file entry.cif (mmCIF, C-alpha atoms)
data_final
#
loop_
_atom_site.label_atom_id
_atom_site.label_comp_id
_atom_site.auth_asym_id
_atom_site.auth_seq_id
_atom_site.Cartn_x
_atom_site.Cartn_y
_atom_site.Cartn_z
CA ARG A 2 8.29 3.01 46.84
CA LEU A 3 10.59 2.76 43.81
CA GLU A 4 14.31 3.48 44.20
CA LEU A 5 15.64 4.80 40.89
CA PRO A 6 18.53 7.00 39.72
CA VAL A 7 18.05 10.74 39.23
CA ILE A 8 18.19 12.17 35.69
CA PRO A 9 17.61 15.93 35.43
CA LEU A 10 15.64 18.15 33.10
CA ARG A 11 16.54 21.85 32.97
CA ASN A 12 13.58 23.71 34.49
CA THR A 13 10.42 22.10 33.03
CA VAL A 14 8.78 19.48 35.24
CA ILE A 15 7.06 16.93 32.99
CA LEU A 16 3.28 17.08 33.10
CA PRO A 17 1.26 13.82 33.23
CA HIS A 18 1.18 11.97 29.89
CA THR A 19 3.97 14.02 28.32
CA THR A 20 6.51 12.80 25.76
CA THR A 21 9.21 15.47 25.95
CA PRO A 22 12.59 16.11 24.30
CA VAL A 23 15.59 15.26 26.47
CA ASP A 24 18.82 17.27 26.80
CA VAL A 25 21.19 15.28 29.04
CA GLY A 26 24.77 15.98 28.05
CA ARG A 27 26.84 15.12 31.12
CA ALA A 28 29.50 12.41 31.25
CA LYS A 29 28.55 11.71 34.88
CA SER A 30 24.89 11.26 33.88
CA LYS A 31 25.23 8.85 30.93
CA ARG A 32 25.89 5.91 33.28
CA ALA A 33 22.91 6.84 35.46
CA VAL A 34 20.55 7.21 32.49
CA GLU A 35 21.82 3.95 30.95
CA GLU A 36 21.23 2.18 34.26
CA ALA A 37 17.79 3.82 34.35
CA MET A 38 17.03 2.28 30.96
CA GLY A 39 18.76 -0.88 32.24
CA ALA A 40 16.29 -1.02 35.15
CA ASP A 41 13.36 -1.98 32.85
CA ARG A 42 13.21 1.62 31.54
CA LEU A 43 11.91 3.09 34.82
CA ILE A 44 13.35 6.59 35.30
CA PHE A 45 12.87 9.54 37.65
CA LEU A 46 13.06 13.04 36.21
CA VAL A 47 13.61 15.28 39.22
CA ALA A 48 13.88 18.95 38.27
CA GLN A 49 17.20 20.69 38.87
CA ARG A 50 17.93 24.21 40.10
CA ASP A 51 20.82 24.73 37.65
CA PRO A 52 20.36 24.64 33.85
CA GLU A 53 22.50 21.50 33.45
CA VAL A 54 24.49 20.59 36.58
CA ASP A 55 27.45 18.21 36.38
CA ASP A 56 26.81 16.30 39.61
CA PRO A 57 23.88 16.02 42.05
CA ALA A 58 24.05 17.53 45.52
CA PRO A 59 21.99 17.00 48.71
CA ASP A 60 20.73 20.63 48.54
CA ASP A 61 20.49 21.22 44.77
CA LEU A 62 17.30 19.57 43.46
CA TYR A 63 13.69 20.66 43.11
CA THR A 64 11.00 19.25 45.37
CA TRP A 65 9.20 17.05 42.80
CA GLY A 66 10.38 13.62 41.74
CA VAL A 67 8.26 11.88 39.13
CA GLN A 68 8.07 8.47 37.48
CA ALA A 69 8.81 8.28 33.76
CA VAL A 70 9.36 5.62 31.10
CA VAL A 71 11.58 5.82 28.01
CA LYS A 72 9.98 5.37 24.59
CA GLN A 73 13.10 4.43 22.59
CA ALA A 74 16.27 2.47 23.32
CA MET A 75 18.59 4.70 21.24
CA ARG A 76 19.74 8.29 21.67
CA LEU A 77 19.81 10.99 19.01
CA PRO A 78 23.36 12.44 18.72
CA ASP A 79 23.04 16.19 19.23
CA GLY A 80 25.61 16.87 21.96
CA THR A 81 23.18 15.50 24.57
CA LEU A 82 21.43 12.17 25.16
CA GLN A 83 18.40 13.11 23.07
CA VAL A 84 16.13 10.17 23.84
CA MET A 85 12.36 9.96 23.48
CA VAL A 86 10.62 9.63 26.85
CA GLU A 87 7.10 9.33 28.26
CA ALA A 88 5.36 10.20 31.53
CA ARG A 89 4.83 6.81 33.17
CA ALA A 90 3.46 7.84 36.58
CA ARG A 91 4.07 10.27 39.45
CA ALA A 92 6.34 10.11 42.50
CA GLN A 93 7.25 12.04 45.65
CA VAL A 94 10.20 12.80 47.95
CA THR A 95 10.56 11.90 51.64
CA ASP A 96 14.24 12.25 52.60
CA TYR A 97 17.66 12.38 50.94
CA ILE A 98 20.43 9.89 51.56
CA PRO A 99 23.37 11.57 49.75
CA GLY A 100 25.59 9.54 47.48
CA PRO A 101 26.46 9.62 44.60
CA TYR A 102 24.02 8.35 43.65
CA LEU A 103 21.49 10.24 45.78
CA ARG A 104 18.94 7.51 46.45
CA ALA A 105 15.38 8.72 45.88
CA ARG A 106 12.14 7.24 47.20
CA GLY A 107 9.08 6.53 45.06
CA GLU A 108 5.31 6.08 44.78
CA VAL A 109 2.61 3.92 43.22
CA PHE A 110 1.43 4.53 39.65
CA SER A 111 -0.42 7.85 39.31
CA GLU A 112 -1.46 9.79 36.20
CA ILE A 113 -4.50 11.75 34.97
CA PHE A 114 -7.42 9.97 33.28
CA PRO A 115 -10.55 11.55 31.75
CA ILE A 116 -13.85 11.12 33.57
CA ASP A 117 -15.96 13.73 31.71
CA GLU A 118 -15.93 14.87 28.10
CA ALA A 119 -18.45 17.74 27.84
CA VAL A 120 -17.50 20.40 30.42
CA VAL A 121 -13.90 19.15 30.42
CA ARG A 122 -13.75 19.43 26.62
CA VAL A 123 -15.27 22.94 26.66
CA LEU A 124 -12.71 24.09 29.25
CA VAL A 125 -9.84 22.40 27.35
CA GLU A 126 -10.98 24.03 24.10
CA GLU A 127 -11.30 27.41 25.85
CA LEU A 128 -7.73 27.03 27.11
CA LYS A 129 -6.81 25.85 23.59
CA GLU A 130 -8.19 28.95 21.86
CA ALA A 131 -6.67 31.08 24.63
CA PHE A 132 -3.40 29.22 23.98
CA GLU A 133 -3.65 30.05 20.27
CA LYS A 134 -4.26 33.72 21.06
CA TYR A 135 -1.50 33.47 23.69
CA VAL A 136 1.00 32.14 21.13
CA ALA A 137 -0.15 35.10 19.05
CA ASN A 138 0.31 37.21 22.23
CA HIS A 139 3.62 35.73 23.48
CA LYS A 140 5.36 37.06 20.35
CA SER A 141 6.51 39.93 22.59
CA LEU A 142 8.76 37.27 24.16
CA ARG A 143 8.88 35.20 20.92
CA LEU A 144 6.89 32.00 21.35
CA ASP A 145 6.71 30.06 18.09
CA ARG A 146 3.69 28.30 16.59
CA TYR A 147 5.49 25.00 15.93
CA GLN A 148 3.70 23.96 19.14
CA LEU A 149 0.57 23.59 16.95
CA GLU A 150 2.02 20.32 15.63
CA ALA A 151 1.52 18.81 19.08
CA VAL A 152 -1.44 20.72 20.58
CA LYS A 153 -3.53 19.99 17.47
CA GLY A 154 -2.22 16.56 16.49
CA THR A 155 -3.47 15.16 19.80
CA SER A 156 -7.19 14.74 20.40
CA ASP A 157 -7.68 13.51 23.97
CA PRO A 158 -8.40 16.53 26.24
CA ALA A 159 -6.41 15.07 29.16
CA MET A 160 -3.25 15.21 27.04
CA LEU A 161 -4.42 18.25 25.04
CA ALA A 162 -4.39 20.25 28.29
CA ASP A 163 -0.88 19.20 29.30
CA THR A 164 0.39 19.70 25.73
CA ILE A 165 -1.02 23.25 25.91
CA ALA A 166 0.61 23.85 29.30
CA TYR A 167 4.08 22.34 28.67
CA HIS A 168 4.59 24.34 25.45
CA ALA A 169 4.79 27.64 27.40
CA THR A 170 7.19 28.84 30.11
CA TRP A 171 6.71 29.99 33.72
CA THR A 172 8.28 29.60 37.17
CA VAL A 173 9.35 26.18 38.43
CA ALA A 174 7.69 26.52 41.87
CA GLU A 175 4.39 27.12 40.09
CA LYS A 176 4.95 23.77 38.38
CA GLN A 177 5.68 22.21 41.79
CA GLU A 178 2.36 23.63 43.00
CA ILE A 179 0.37 22.80 39.83
CA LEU A 180 1.38 19.11 39.68
CA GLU A 181 -0.01 18.81 43.20
CA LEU A 182 -3.34 19.25 41.37
CA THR A 183 -4.03 15.68 40.25
CA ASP A 184 -7.47 16.69 38.94
CA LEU A 185 -7.10 18.32 35.54
CA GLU A 186 -9.69 21.10 35.99
CA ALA A 187 -7.69 23.02 38.60
CA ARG A 188 -4.69 22.66 36.27
CA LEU A 189 -6.84 24.11 33.46
CA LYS A 190 -7.93 27.14 35.47
CA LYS A 191 -4.38 27.74 36.77
CA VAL A 192 -2.91 27.69 33.24
CA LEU A 193 -5.72 29.89 31.86
CA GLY A 194 -5.21 32.34 34.72
CA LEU A 195 -1.48 32.36 33.94
CA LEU A 196 -2.23 33.20 30.29
CA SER A 197 -4.71 35.93 31.27
CA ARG A 198 -2.20 37.39 33.76
CA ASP A 199 0.40 37.40 30.98
CA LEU A 200 -2.06 39.44 28.90
CA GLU A 201 -2.58 41.77 31.87
CA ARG A 202 1.18 42.22 32.38
CA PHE A 203 1.47 43.02 28.66
CA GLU A 204 -1.21 45.69 29.17
CA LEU A 205 0.58 47.01 32.28
CA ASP A 206 3.86 47.31 30.36
CA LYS A 207 1.94 49.18 27.65
CA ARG A 208 0.40 51.47 30.31
CA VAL A 209 3.76 52.40 31.83
CA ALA A 210 5.16 52.84 28.29
CA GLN A 211 2.28 55.22 27.52
CA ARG A 212 3.14 57.18 30.67
CA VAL A 213 6.77 57.30 29.50
CA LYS A 214 5.50 58.63 26.15
CA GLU A 215 3.44 61.40 27.70
CA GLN A 216 6.29 62.15 30.11
CA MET A 217 8.33 62.80 26.96
CA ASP B 218 25.49 59.05 26.97
CA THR B 219 25.86 59.06 30.76
CA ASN B 220 24.09 62.43 30.96
CA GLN B 221 21.21 61.54 28.64
CA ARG B 222 20.68 58.05 30.12
CA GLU B 223 20.54 59.82 33.50
CA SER B 224 17.90 62.18 32.07
CA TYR B 225 15.74 59.44 30.52
CA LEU B 226 16.22 57.24 33.61
CA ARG B 227 14.80 59.89 35.92
CA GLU B 228 12.13 60.45 33.27
CA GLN B 229 11.03 56.82 33.72
CA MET B 230 11.23 57.58 37.46
CA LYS B 231 8.70 60.39 36.88
CA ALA B 232 6.53 58.17 34.67
CA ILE B 233 6.39 55.34 37.21
CA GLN B 234 5.70 58.03 39.82
CA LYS B 235 2.76 59.08 37.62
CA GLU B 236 1.02 55.98 36.21
CA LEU B 237 1.51 53.39 38.95
CA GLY B 238 2.79 56.00 41.40
CA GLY B 239 -0.06 56.81 43.74
CA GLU B 240 2.24 58.35 46.35
CA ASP B 241 3.23 61.65 44.72
CA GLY B 242 1.89 65.18 44.60
CA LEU B 243 -1.18 63.55 43.01
CA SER B 244 -1.95 61.93 46.39
CA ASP B 245 -2.91 65.31 47.83
CA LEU B 246 -4.44 66.46 44.51
CA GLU B 247 -7.97 65.44 45.54
CA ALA B 248 -7.50 67.06 48.96
CA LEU B 249 -6.68 70.35 47.18
CA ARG B 250 -9.99 70.71 45.34
CA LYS B 251 -11.66 69.13 48.37
CA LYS B 252 -10.37 71.91 50.66
CA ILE B 253 -10.29 75.04 48.44
CA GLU B 254 -13.64 75.98 50.03
CA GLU B 255 -12.30 75.57 53.60
CA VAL B 256 -9.92 78.43 52.89
CA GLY B 257 -11.17 81.51 54.71
CA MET B 258 -13.58 84.12 53.46
CA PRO B 259 -11.11 87.01 54.21
CA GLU B 260 -9.38 88.18 51.04
CA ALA B 261 -5.83 87.52 52.32
CA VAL B 262 -6.00 83.72 52.35
CA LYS B 263 -8.75 83.41 49.71
CA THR B 264 -6.77 85.33 47.06
CA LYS B 265 -3.67 83.20 47.56
CA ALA B 266 -5.74 80.00 47.46
CA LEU B 267 -7.32 81.03 44.16
CA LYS B 268 -3.96 82.03 42.69
CA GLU B 269 -2.48 78.67 43.64
CA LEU B 270 -5.57 76.95 42.21
CA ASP B 271 -4.35 77.36 38.62
CA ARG B 272 -0.58 77.42 39.32
CA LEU B 273 -0.82 73.91 40.80
CA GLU B 274 -2.51 72.23 37.83
CA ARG B 275 0.70 71.09 36.10
CA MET B 276 2.67 67.93 36.90
CA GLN B 277 3.61 67.63 40.57
CA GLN B 278 6.80 65.58 40.16
CA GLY B 279 8.70 67.15 37.23
CA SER B 280 7.34 70.65 36.64
CA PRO B 281 9.19 73.17 38.87
CA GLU B 282 6.53 75.81 39.60
CA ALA B 283 3.82 73.16 40.06
CA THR B 284 5.58 71.62 43.08
CA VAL B 285 5.86 74.91 44.99
CA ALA B 286 2.22 75.68 44.14
CA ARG B 287 1.35 72.10 45.11
CA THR B 288 2.99 72.30 48.54
CA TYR B 289 1.82 75.87 49.14
#
call {"tool": "encode", "arguments": {"input": "entry.cif", "output": "C-alpha cells"}}
result
Amino acid sequence: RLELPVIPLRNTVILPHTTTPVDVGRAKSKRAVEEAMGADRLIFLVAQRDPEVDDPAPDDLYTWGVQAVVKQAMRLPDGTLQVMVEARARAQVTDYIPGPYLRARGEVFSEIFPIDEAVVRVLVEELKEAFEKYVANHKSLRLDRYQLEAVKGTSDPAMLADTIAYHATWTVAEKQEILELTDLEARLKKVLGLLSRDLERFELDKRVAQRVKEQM
Amino acid sequence: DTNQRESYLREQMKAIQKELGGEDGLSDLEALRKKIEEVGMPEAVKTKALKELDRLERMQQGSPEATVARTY
C-alpha cells in the first residue's frame, strides 16, 4: 500500500500506459502536486466528480485511484500546472480518512503487458480502423483527427488500444468498470461496442428525424 | 414563437409516438385487419366495419377522422 496525495483529473481516468495532458489550476493543489513530485514522483490521479474542484471532500471523489509517475520536472504555464505525466501502475481504494489531505491507500505495481501479437494485433487494428471511421463518424459531436498523431505514432498494440480509447469521450462509471478489466481484450471489445453503439444511436437519431420529416 | 414552438413540439410528440412509439393507435392496427372478418355476416355491422376499414387508414395520433374511425 502506497500513501500518496490526491491530484485530480477532470473526468477522464487514465488508461494503463497513458501519457496525458494535465490541467491542474488550483492554488490548494499546487502544494499537493509539488509534494507528489517531491515524493520521488509517485502520484495518484483519482478522478473527481466536479470539473475542477477547489478542495477535496470525503464524499466527492470517484471510486478509482491509480498510480502514476511524472515525466518532466517543470510545468508548462497555461493557467494550469500543465506537466507531462505517465501511467506508472494501478491502485485501489479501501477507506477514507478525511483531512486535508485525504489519505489514500495504494497497491502493488500493475499495468498491461502484451502476451500475444497476432489475434491481439488483428483486434487492435479492427478497433483502430473502427476508430478512424468513428472519428469520421463523431463529427456530429465534433471529434478532431489530431488524435491520429498519437494513435498512429505509437506501434505497440497494448498502448495503441489505450491511445484509441482515451482519445474519445464517454461516461466516467464506464471507465471505472472498464479499468477493472486488466486483460486488454475485454477492454478492446468494450470500446468497439461503445463505438458501434454510437453508430447505432446516430442511426436512431436519424430515424426519429425521418419520422419528424414525414410528420411534417 | 410560443405558438409555433408548441405546434412543432407536439409534432415531435406525434413523431416519437410514431417511430419509436409502439403504444399508439398503431398498437391495435394489426388487431383491426385481424378482426375485420369476425364482424358479423348481417349487413348492419358488416357495412359499418367495411366503411371504417378505409376511414381508419390515416394516422392514428394526429389525423382527426382517423382516430374516431380507429376507436370505432
call {"tool": "interface_residues", "arguments": {"input": "entry.cif", "of": "chain A", "to": "chain B", "cutoff": "12 Å", "atoms": "all atoms listed in the file", "output": "MDAnalysis selection string"}}
result
chainID A and resid 205:217
call {"tool": "closest_residue", "arguments": {"input": "entry.cif", "among": "A:51, A:87, A:61, A:127", "to": "residue 162 of chain A", "atoms": "all atoms listed in the file"}}
result
A:127
call {"tool": "residues_around", "arguments": {"input": "entry.cif", "residues": "segment 270-274 of chain B", "least_positions_apart": "2", "cutoff": "7 Å", "atoms": "all atoms listed in the file", "output": "PyMOL selection string"}}
result
chain B and resi 266-268+276+283+286-287
call {"tool": "residues_around", "arguments": {"input": "entry.cif", "residues": "residue 10 of chain A", "least_positions_apart": "4", "cutoff": "7 Å", "atoms": "only C-alpha atoms", "output": "ChimeraX atom specification"}}
result
/A:46,48-49
call {"tool": "residues_around", "arguments": {"input": "entry.cif", "residues": "residue 136 of chain A", "least_positions_apart": "4", "cutoff": "12 Å", "atoms": "all atoms listed in the file", "output": "list in words"}}
result
residues 128, 129, 130, 131, 132, 140, 141, 142, 143, 144, 145, 146, 147, 148, 149, 152, 165, 166, 168, 169, 170, 196, 199 and 200 of chain A
call {"tool": "atom_distance", "arguments": {"input": "entry.cif", "atom1": "atom CA of residue 71 of chain A", "atom2": "atom CA of residue 8 of chain A"}}
result
12.0 Å
call {"tool": "closest_residue", "arguments": {"input": "entry.cif", "among": "A:171, A:102, A:97, A:110", "to": "residue 36 of chain A", "atoms": "all atoms listed in the file"}}
result
A:102
call {"tool": "axis_aligned_box", "arguments": {"input": "entry.cif", "around": "segment 240-255 of chain B", "padding_each_side": "3 Å", "output": "lines of an AutoDock Vina configuration file"}}
result
center_x = -5.2
center_y = 67.2
center_z = 48.3
size_x = 22.9
size_y = 23.6
size_z = 16.6
call {"tool": "atom_distance", "arguments": {"input": "entry.cif", "atom1": "atom CA of residue 112 of chain A", "atom2": "atom CA of residue 2 of chain A"}}
result
15.9 Å
call {"tool": "residues_around", "arguments": {"input": "entry.cif", "residues": "residue 109 of chain A", "least_positions_apart": "5", "cutoff": "8 Å", "atoms": "all atoms listed in the file", "output": "JSON, numbers by chain"}}
result
{"A": [2, 90, 91, 92]}
call {"tool": "resolve_selection", "arguments": {"input": "entry.cif", "expression": "the PyMOL selection byres ((chain A and resi 76) around 12)", "output": "list in words"}}
result
residues 22, 23, 24, 25, 26, 31, 34, 35, 38, 71, 72, 73, 74, 75, 77, 78, 79, 80, 81, 82, 83, 84, 85 and 86 of chain A
call {"tool": "closest_residue", "arguments": {"input": "entry.cif", "among": "A:33, A:113, A:57, A:66", "to": "residue 182 of chain A", "atoms": "all atoms listed in the file"}}
result
A:113
call {"tool": "residues_around", "arguments": {"input": "entry.cif", "residues": "residue 253 of chain B", "least_positions_apart": "3", "cutoff": "12 Å", "atoms": "all atoms listed in the file", "output": "list in words"}}
result
residues 246, 247, 248, 249, 250, 256, 257, 258, 262, 263, 264, 265, 266, 267, 268, 269, 270 and 271 of chain B
call {"tool": "atom_distance", "arguments": {"input": "entry.cif", "atom1": "atom CA of residue 28 of chain A", "atom2": "atom CA of residue 6 of chain A"}}
result
14.9 Å
call {"tool": "resolve_selection", "arguments": {"input": "entry.cif", "expression": "the PyMOL selection byres ((chain A and resi 158) around 9)", "output": "ChimeraX atom specification"}}
result
/A:115,118,121-122,125-126,155-157,159-163
call {"tool": "resolve_selection", "arguments": {"input": "entry.cif", "expression": "the PyMOL selection byres ((chain A and resi 69) around 6)", "output": "ChimeraX atom specification"}}
result
/A:44-45,68,70,87-89
call {"tool": "build_atoms", "arguments": {"input": "entry.cif", "residues": "segment 19-55 of chain A", "atoms": "N, CA and C atoms", "output": "PDB file, keeping the file's coordinate frame"}}
result
ATOM      1  N   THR A  19       3.170  13.146  29.162  1.00  0.00           N
ATOM      2  CA  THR A  19       3.970  14.020  28.320  1.00  0.00           C
ATOM      3  C   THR A  19       5.177  13.275  27.774  1.00  0.00           C
ATOM      4  N   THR A  20       5.370  13.377  26.467  1.00  0.00           N
ATOM      5  CA  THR A  20       6.510  12.800  25.760  1.00  0.00           C
ATOM      6  C   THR A  20       7.375  13.968  25.310  1.00  0.00           C
ATOM      7  N   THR A  21       8.438  14.241  26.063  1.00  0.00           N
ATOM      8  CA  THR A  21       9.210  15.470  25.950  1.00  0.00           C
ATOM      9  C   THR A  21      10.592  15.228  25.355  1.00  0.00           C
ATOM     10  N   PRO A  22      11.187  16.230  24.702  1.00  0.00           N
ATOM     11  CA  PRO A  22      12.590  16.110  24.300  1.00  0.00           C
ATOM     12  C   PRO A  22      13.506  16.128  25.515  1.00  0.00           C
ATOM     13  N   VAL A  23      14.652  15.467  25.376  1.00  0.00           N
ATOM     14  CA  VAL A  23      15.590  15.260  26.470  1.00  0.00           C
ATOM     15  C   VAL A  23      16.938  15.864  26.087  1.00  0.00           C
ATOM     16  N   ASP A  24      17.488  16.701  26.966  1.00  0.00           N
ATOM     17  CA  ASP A  24      18.820  17.270  26.800  1.00  0.00           C
ATOM     18  C   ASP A  24      19.649  16.902  28.031  1.00  0.00           C
ATOM     19  N   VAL A  25      20.278  15.732  27.989  1.00  0.00           N
ATOM     20  CA  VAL A  25      21.190  15.280  29.040  1.00  0.00           C
ATOM     21  C   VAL A  25      22.549  15.102  28.383  1.00  0.00           C
ATOM     22  N   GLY A  26      23.479  15.997  28.698  1.00  0.00           N
ATOM     23  CA  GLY A  26      24.770  15.980  28.050  1.00  0.00           C
ATOM     24  C   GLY A  26      25.941  15.958  29.009  1.00  0.00           C
ATOM     25  N   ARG A  27      25.804  15.215  30.101  1.00  0.00           N
ATOM     26  CA  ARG A  27      26.840  15.120  31.120  1.00  0.00           C
ATOM     27  C   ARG A  27      27.454  13.728  31.112  1.00  0.00           C
ATOM     28  N   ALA A  28      28.787  13.685  31.215  1.00  0.00           N
ATOM     29  CA  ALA A  28      29.500  12.410  31.250  1.00  0.00           C
ATOM     30  C   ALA A  28      29.243  11.642  32.537  1.00  0.00           C
ATOM     31  N   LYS A  29      28.906  12.340  33.619  1.00  0.00           N
ATOM     32  CA  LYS A  29      28.550  11.710  34.880  1.00  0.00           C
ATOM     33  C   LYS A  29      27.088  11.303  34.948  1.00  0.00           C
ATOM     34  N   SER A  30      26.302  11.616  33.919  1.00  0.00           N
ATOM     35  CA  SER A  30      24.890  11.260  33.880  1.00  0.00           C
ATOM     36  C   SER A  30      24.570  10.184  32.856  1.00  0.00           C
ATOM     37  N   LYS A  31      25.498   9.871  31.942  1.00  0.00           N
ATOM     38  CA  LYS A  31      25.230   8.850  30.930  1.00  0.00           C
ATOM     39  C   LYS A  31      25.136   7.462  31.557  1.00  0.00           C
ATOM     40  N   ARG A  32      25.955   7.189  32.581  1.00  0.00           N
ATOM     41  CA  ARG A  32      25.890   5.910  33.280  1.00  0.00           C
ATOM     42  C   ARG A  32      24.593   5.776  34.063  1.00  0.00           C
ATOM     43  N   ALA A  33      24.149   6.866  34.693  1.00  0.00           N
ATOM     44  CA  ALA A  33      22.910   6.840  35.460  1.00  0.00           C
ATOM     45  C   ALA A  33      21.693   6.684  34.543  1.00  0.00           C
ATOM     46  N   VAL A  34      21.692   7.351  33.385  1.00  0.00           N
ATOM     47  CA  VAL A  34      20.550   7.210  32.490  1.00  0.00           C
ATOM     48  C   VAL A  34      20.571   5.865  31.758  1.00  0.00           C
ATOM     49  N   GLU A  35      21.757   5.282  31.533  1.00  0.00           N
ATOM     50  CA  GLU A  35      21.820   3.950  30.950  1.00  0.00           C
ATOM     51  C   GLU A  35      21.427   2.878  31.952  1.00  0.00           C
ATOM     52  N   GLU A  36      21.715   3.096  33.238  1.00  0.00           N
ATOM     53  CA  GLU A  36      21.230   2.180  34.260  1.00  0.00           C
ATOM     54  C   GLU A  36      19.738   2.372  34.505  1.00  0.00           C
ATOM     55  N   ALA A  37      19.225   3.583  34.269  1.00  0.00           N
ATOM     56  CA  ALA A  37      17.790   3.820  34.350  1.00  0.00           C
ATOM     57  C   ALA A  37      17.047   3.095  33.236  1.00  0.00           C
ATOM     58  N   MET A  38      17.598   3.109  32.017  1.00  0.00           N
ATOM     59  CA  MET A  38      17.030   2.280  30.960  1.00  0.00           C
ATOM     60  C   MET A  38      17.385   0.806  31.122  1.00  0.00           C
ATOM     61  N   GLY A  39      18.423   0.492  31.898  1.00  0.00           N
ATOM     62  CA  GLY A  39      18.760  -0.880  32.240  1.00  0.00           C
ATOM     63  C   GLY A  39      17.993  -1.441  33.410  1.00  0.00           C
ATOM     64  N   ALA A  40      17.151  -0.622  34.038  1.00  0.00           N
ATOM     65  CA  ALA A  40      16.290  -1.020  35.150  1.00  0.00           C
ATOM     66  C   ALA A  40      14.844  -1.177  34.700  1.00  0.00           C
ATOM     67  N   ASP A  41      14.655  -1.809  33.531  1.00  0.00           N
ATOM     68  CA  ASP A  41      13.360  -1.980  32.850  1.00  0.00           C
ATOM     69  C   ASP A  41      12.729  -0.628  32.517  1.00  0.00           C
ATOM     70  N   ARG A  42      13.585   0.318  32.105  1.00  0.00           N
ATOM     71  CA  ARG A  42      13.210   1.620  31.540  1.00  0.00           C
ATOM     72  C   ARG A  42      12.380   2.470  32.508  1.00  0.00           C
ATOM     73  N   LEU A  43      12.592   2.298  33.808  1.00  0.00           N
ATOM     74  CA  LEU A  43      11.910   3.090  34.820  1.00  0.00           C
ATOM     75  C   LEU A  43      12.866   4.189  35.283  1.00  0.00           C
ATOM     76  N   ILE A  44      12.465   5.444  35.088  1.00  0.00           N
ATOM     77  CA  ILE A  44      13.350   6.590  35.300  1.00  0.00           C
ATOM     78  C   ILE A  44      12.610   7.677  36.075  1.00  0.00           C
ATOM     79  N   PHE A  45      13.315   8.303  37.016  1.00  0.00           N
ATOM     80  CA  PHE A  45      12.870   9.540  37.650  1.00  0.00           C
ATOM     81  C   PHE A  45      13.462  10.745  36.947  1.00  0.00           C
ATOM     82  N   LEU A  46      12.628  11.760  36.750  1.00  0.00           N
ATOM     83  CA  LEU A  46      13.060  13.040  36.210  1.00  0.00           C
ATOM     84  C   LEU A  46      12.775  14.104  37.257  1.00  0.00           C
ATOM     85  N   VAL A  47      13.706  14.263  38.187  1.00  0.00           N
ATOM     86  CA  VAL A  47      13.610  15.280  39.220  1.00  0.00           C
ATOM     87  C   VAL A  47      14.189  16.572  38.661  1.00  0.00           C
ATOM     88  N   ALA A  48      13.444  17.664  38.801  1.00  0.00           N
ATOM     89  CA  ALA A  48      13.880  18.950  38.270  1.00  0.00           C
ATOM     90  C   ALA A  48      15.088  19.472  39.042  1.00  0.00           C
ATOM     91  N   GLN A  49      15.961  20.169  38.324  1.00  0.00           N
ATOM     92  CA  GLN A  49      17.200  20.690  38.870  1.00  0.00           C
ATOM     93  C   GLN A  49      17.156  22.213  38.944  1.00  0.00           C
ATOM     94  N   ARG A  50      17.874  22.760  39.929  1.00  0.00           N
ATOM     95  CA  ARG A  50      17.930  24.210  40.100  1.00  0.00           C
ATOM     96  C   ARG A  50      18.774  24.858  39.005  1.00  0.00           C
ATOM     97  N   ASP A  51      19.916  24.260  38.690  1.00  0.00           N
ATOM     98  CA  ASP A  51      20.820  24.730  37.650  1.00  0.00           C
ATOM     99  C   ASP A  51      20.236  24.426  36.271  1.00  0.00           C
ATOM    100  N   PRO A  52      20.764  25.059  35.199  1.00  0.00           N
ATOM    101  CA  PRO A  52      20.360  24.640  33.850  1.00  0.00           C
ATOM    102  C   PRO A  52      20.734  23.200  33.533  1.00  0.00           C
ATOM    103  N   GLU A  53      22.022  22.871  33.651  1.00  0.00           N
ATOM    104  CA  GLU A  53      22.500  21.500  33.450  1.00  0.00           C
ATOM    105  C   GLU A  53      23.700  21.317  34.377  1.00  0.00           C
ATOM    106  N   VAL A  54      23.454  20.754  35.565  1.00  0.00           N
ATOM    107  CA  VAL A  54      24.490  20.590  36.580  1.00  0.00           C
ATOM    108  C   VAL A  54      25.297  19.333  36.268  1.00  0.00           C
ATOM    109  N   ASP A  55      26.583  19.359  36.626  1.00  0.00           N
ATOM    110  CA  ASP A  55      27.450  18.210  36.380  1.00  0.00           C
ATOM    111  C   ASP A  55      27.174  17.062  37.346  1.00  0.00           C
TER     112      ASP A  55
END
